[PDB]
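For reference, the chain that follows is the form deposited in one PDB entry, supplied as structure tokens.
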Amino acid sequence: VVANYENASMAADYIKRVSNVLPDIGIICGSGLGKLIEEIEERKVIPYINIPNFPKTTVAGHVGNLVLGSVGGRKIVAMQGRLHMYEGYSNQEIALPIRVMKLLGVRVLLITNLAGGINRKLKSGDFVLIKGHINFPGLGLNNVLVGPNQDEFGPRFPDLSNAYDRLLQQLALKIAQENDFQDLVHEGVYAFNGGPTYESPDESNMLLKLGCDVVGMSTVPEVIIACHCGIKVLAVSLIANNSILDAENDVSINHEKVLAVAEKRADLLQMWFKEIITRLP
């Protein structure tokens, strides 16, 4: 199934009939960082498997719902269970839910992820406002836009220089200052490691040489599809560990340690993003 205008329209038609909500904000939440979705008001939960043309997700299993409703007086749509390219999903499967968001009316997309720190100023539990990226799959002929262009959504050759909206970064920081946790908030350049293996110690050292501040396995595909079709983006990484320190000390990382950092910061990130949604222009 191609992520074209006709197919995205069929999915949006189904959703509109079921939910009655017309959202102008979309959210995609990182693993362990999804509690805000359970607090959406007057909500409607729609399993992916019920939506025409949505990608099949049963091989990987686990949760996969679209959730619509209200947060802070604003109308939103959330992806509960996000699709990652290291699972083997195609470019078309990743893109279609974002293009459905566009047809539903979404103008702003807020994204969180879990990442490794490369910059020596970054500690476990810090947040990074993403200001730019280094897309190793894209340089290497695995960009999410490889294929025919879908002209109704955007141009053949997108410019990504303003993919991460500057005013949304400023608003996120302002709210951190109001609540006295600005000491946790940095900005930086995100390296996309296709995954699913964590960056090796020598890959971490390479990324330091190349000007990367953080590294992770998600987010850049969604950012590119959003930018292509004119949706503004705020993306925030939660730092689980510093990969450069771990390489110097011969210390391992694993998914259990990552999820424990997510639990440690989940409630603060929930409160922060509720207020960002409330305050969006």
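All residue numbers are counted from 1 along the displayed sequence.
A second form of this protein, the form deposited with a small molecule bound, is not displayed here; the remarks below concern that form.
With the small molecule left out of view, the stretch that reaches within 4.5 Å of it through heavy atoms in the entry with it bound is, among 67-75, 128-136, 196-204, 91-99, 196-204. Under a 4.5 angstroms non-hydrogen atom cutoff, the small molecule in the entry with it bound has residue 114 among its neighbouring residues. In the entry with it bound, at least one heavy atom of residue 241 sits within 4.5 Å of the small molecule. Using a 4.5 Å cutoff between non-hydrogen atoms, residue 212 does not count as a contact of the small molecule in the entry with it bound.
Using a 4.5 angstroms threshold between heavy atoms, residue 25 stays clear of the small molecule in the entry with it bound. A single residue from the set 37, 229, 233, 217 has any heavy atom within 4.5 angstroms of the small molecule in the entry with it bound; that residue is 217.
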